[PDB]
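> One structure coming up, written as C-alpha coordinates, with questions to follow.
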Amino acid sequence: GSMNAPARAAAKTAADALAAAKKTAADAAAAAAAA
(Lines give C-alpha, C1' and ligand atoms only; values in the text may rest on other atoms or scores of the structure.)
Protein backbone atom coordinates (compact mmCIF):
# COMPACT_ATOMS: atom_id res chain seq x y z
CA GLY A 1 0.00 0.00 0.00
CA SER A 2 2.50 2.59 -1.19
CA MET A 3 -0.21 5.11 -2.03
CA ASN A 4 -2.77 5.78 0.68
CA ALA A 5 -6.24 5.44 -0.81
CA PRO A 6 -8.31 7.08 2.01
CA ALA A 7 -5.89 10.00 2.30
CA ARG A 8 -5.88 10.48 -1.47
CA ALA A 9 -9.60 11.26 -1.54
CA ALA A 10 -9.60 13.14 1.77
CA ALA A 11 -6.66 15.46 1.10
CA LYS A 12 -7.71 15.78 -2.55
CA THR A 13 -9.62 19.00 -1.83
CA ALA A 14 -6.55 20.49 -0.14
CA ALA A 15 -4.36 19.51 -3.08
CA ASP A 16 -7.01 20.93 -5.40
CA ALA A 17 -6.93 24.34 -3.72
CA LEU A 18 -3.14 24.35 -3.63
CA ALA A 19 -3.08 23.43 -7.32
CA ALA A 20 -4.61 26.86 -7.96
CA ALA A 21 -1.56 28.58 -6.49
CA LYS A 22 0.87 25.97 -7.81
CA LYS A 23 -0.52 26.79 -11.24
CA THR A 24 0.62 30.41 -10.93
CA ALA A 25 3.97 29.27 -9.55
CA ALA A 26 4.58 27.18 -12.66
CA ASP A 27 2.94 29.82 -14.86
CA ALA A 28 5.47 32.44 -13.73
CA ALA A 29 8.17 30.21 -15.20
CA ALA A 30 6.28 28.98 -18.27
CA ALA A 31 4.97 32.38 -19.35
CA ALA A 32 8.47 33.78 -18.87
CA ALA A 33 9.72 31.27 -21.41
CA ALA A 34 6.87 30.92 -23.90
CA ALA A 35 6.40 34.61 -24.63
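We label chains A, B, ... in the order they appear in the C-alpha coordinates, count residues from 1 in each chain, and number ligands from 1 in the order shown.
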Taking the DSSP secondary structure from the backbone, can you list the residues of chain A that are alpha helix (DSSP H), as number ranges by chain?

A: 5-10, 12-33
